[PDB]
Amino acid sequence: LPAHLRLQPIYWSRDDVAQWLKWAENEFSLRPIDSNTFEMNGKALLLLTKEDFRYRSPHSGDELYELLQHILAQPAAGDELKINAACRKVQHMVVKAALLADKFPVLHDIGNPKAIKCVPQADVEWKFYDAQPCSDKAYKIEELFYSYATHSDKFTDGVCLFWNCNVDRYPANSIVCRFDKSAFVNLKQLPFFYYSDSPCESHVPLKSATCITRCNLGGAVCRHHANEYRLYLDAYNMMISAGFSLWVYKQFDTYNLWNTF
């Protein structure tokens, strides 16, 4: 199965659906159907009835409908290396943007046992904490088990980072990634965005209010950022499809990112 088809169908693009048709034709020895037989994305495909499937493909619609129900009942397992890599791409993006937007002087990285900075080039004092630091990095990690009930009065300067570190309740000055609600009362959900400050370069147009780049100030995204935006969205979808969600301090404002230009 192609990588995108390992995502929940709600995330499949119009192109992913046509590759699903092609994969199923060979896996199940079906009569070839025209690639434009289901000209829609996965969100739309999930709204069709079985009768609609049968009308659009008299020779295989019912099989395809039932195949989709099986895919929907038993989601395909994901590849840890790809998922891990997708998460780390999102972590760098989000934390970089937060530091640029709000200029925190300190970052308190809670649950980081390897003392690795996800944004090594930011102008910020990086502090690491973990309940069980890796023995080869404990010399620069504070041994600490975070609980809101014990530490809510601490780490009040700068921002706190809880990247997949499940604690009882997150403090208000936090950036959080959680794997699957009272823990999040101090925060808000982080909606998708893409931010980049790399140089624009030319050589399908991208229309998106969430592409925060200099070239999108005027609505004419360059080829380079269009490509990087699509690659980033694929990584984001892989992480969200796998059960991760992102939460952020309530003052996080994407207009602070636009103002960097």
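Numbering starts at 1 and follows the sequence shown.
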property: Unmodelled deposited residues flanked by residue 203 on one side and residue 204 on the other; result: 10 or more
property: Residues of the deposited sequence left unbuilt between residue 181 and residue 180; result: 10 or more
property: Segment of higher mean CA temperature factor, 97-105 or 68-76; result: 68-76
property: Comparing 139-147 with 77-85, the one whose average Cα B-factor in the PDB entry is higher; result: 77-85
property: Candidate residues 229, 55, 193, 236, the one whose C-alpha B factor the record puts highest; result: 55
property: Third assignment of residue 244 from its chain's C-alpha B-factors; result: lowest
property: Chain-wide C-alpha B factor ranking for residue 212, given as lowest, middle or highest third; result: lowest
property: Third of the chain's Cα B-factor distribution that residue 130 belongs to, per the entry; result: lowest
property: Chain thirds of CA B-factor: placement of residue 8; result: highest
